[PDB]
10 protein chains.
Amino acid sequence: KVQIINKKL
Amino acid sequence: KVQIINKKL
Amino acid sequence: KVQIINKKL
Amino acid sequence: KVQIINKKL
Amino acid sequence: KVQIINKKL
Amino acid sequence: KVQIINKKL
Amino acid sequence: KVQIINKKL
Amino acid sequence: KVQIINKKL
Amino acid sequence: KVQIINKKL
Amino acid sequence: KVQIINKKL
């Protein structure tokens, strides 16, 4: 897996 | 796994 | 695993 | 494992 | 394991 | 920037 | 910047 | 900067 | 800076 | 700076 989980609030 | 979990609040 | 868990609050 | 757990509050 | 646990408060 | 540069050879 | 540069050879 | 430079040979 | 430079040969 | 420079040969 190559993955980015990005969450901006 | 290559992964970034990034969370900005 | 290569991983960054980054959390800015 | 290569890992950074970074938490800024 | 190569790891940094960094916590700034 | 949130970025992964992954290169497998 | 949140970044991983991963290179496997 | 939060960064991992990982190189496996 | 939070950083890991990891090199395995 | 929080940093690890790790080199295995």
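Residues numbered from 1 in each chain as written, not as in the entry; some residues may be left out. Chains lettered and ligands numbered in written order. Heavy atoms only, no water.

The record names electron crystallography as the way this model was obtained, at a resolution of 1.9940 Å.

Facing the nine residues of chain A at the interface are nine residues of chain B. When the two sides are added together, the surface that chain A and chain B hide from each other amounts to roughly 860 Å², 48% of it contributed by carbon and sulfur. When the area that chain A buries against chain B is broken down by residue, the three leading residues are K1(A), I5(A) and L9(A), summing to 48%. The tally of links from chain A across to chain B stands at zero salt bridges. For the pair chain A and chain B, the number of links is ten residue pairs in polar contact. Partitioning the side of chain A that touches chain B into residue classes produces four nonpolar, two polar and three charged. Relative to strand β1 (residues 2-8) of chain B, strand β1 (residues 2-8) of chain A is paired through seven bridges, and the arrangement is parallel. Its bridge partner lying in β1(B), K7(A) is registered against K7(B). (Contact = heavy atoms within 4.5 Å. Buried area = accessible area lost by both parts, 1.4 Å probe. Salt bridge = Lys/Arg side-chain N within 4 Å of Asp/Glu carboxyl O. Polar contact = N/O pair within 3.5 Å; in protein donor to acceptor, adjacent residues only side chain to side chain. Nonpolar A, V, L, I, M, F, W, Y, C, P; charged D, E, K, R; others polar. Pairing = 2+ DSSP bridges. Helix = DSSP H or I, 4+ residues; strand = E, 2+ residues; numbered from the N terminus.)

Looking now at the side chain of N6(H). Residue placement: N6(H) occurs in strand β1 (residues 2-8). Separated by 2.9 Å, the side chains of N6(H) and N6(I) make a polar contact. Apart from the residues lying within four places of it in its own chain, the contact partners of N6(H) are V2(C), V2(D), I5(G), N6(G), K7(G) and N6(I).

Turning next to a positive patch on the surface. Where like charges cluster on the molecular surface, the positive patch consists of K1(A), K1(B), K1(C), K1(D) and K1(E). Inspection of the secondary structure puts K1(D) in the segment before β1 (2-8). The exposure class assigned to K1(D) is partly exposed, which follows from its relative accessible area of 43%. (Patch = residues over 30% accessible without salt bridge, like charges linked within 9 Å, V, L, I, M, F, W, Y side chains within 5 Å. Areas by Shrake-Rupley, 256 points an atom, 1.4 Å probe, with all protein chains shown as cover. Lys, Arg positive; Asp, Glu negative; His and termini not counted. Charge placed at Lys NZ, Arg CZ, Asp CG, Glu CD. Buried < 20%, exposed > 50% of the residue type's maximum accessible area, 1.4 Å probe, protein only.)

So, on to the sheet that holds strand β1 (residues 2-8) of chain E. The strand order across the open sheet built from five strands is β1(A)-β1(B)-β1(C)-β1(D)-β1(E), with neighbouring strands paired in parallel fashion. Every other strand in the sheet has two partners, leaving β1 of chain A together with β1 of chain E as the edge strands with one partner each. Strand-to-strand twist in this sheet, taken as the mean axis angle between neighbours without regard to direction, amounts to 0 degrees. (Axes fitted to C-alpha atoms, helices over the stretch in contact; angles between N-to-C directions.)

Attention now moves to the interface of chain C and chain B. The interface is formed by nine residues belonging to chain C together with nine residues belonging to chain B. Put simply, chain C and chain B have zero salt bridges between them. Taken together, chain C and chain B are joined by ten residue pairs in polar contact. Each residue belonging to the side of chain C that touches chain B can be placed in one class, and the counts come to four nonpolar, two polar and three charged.

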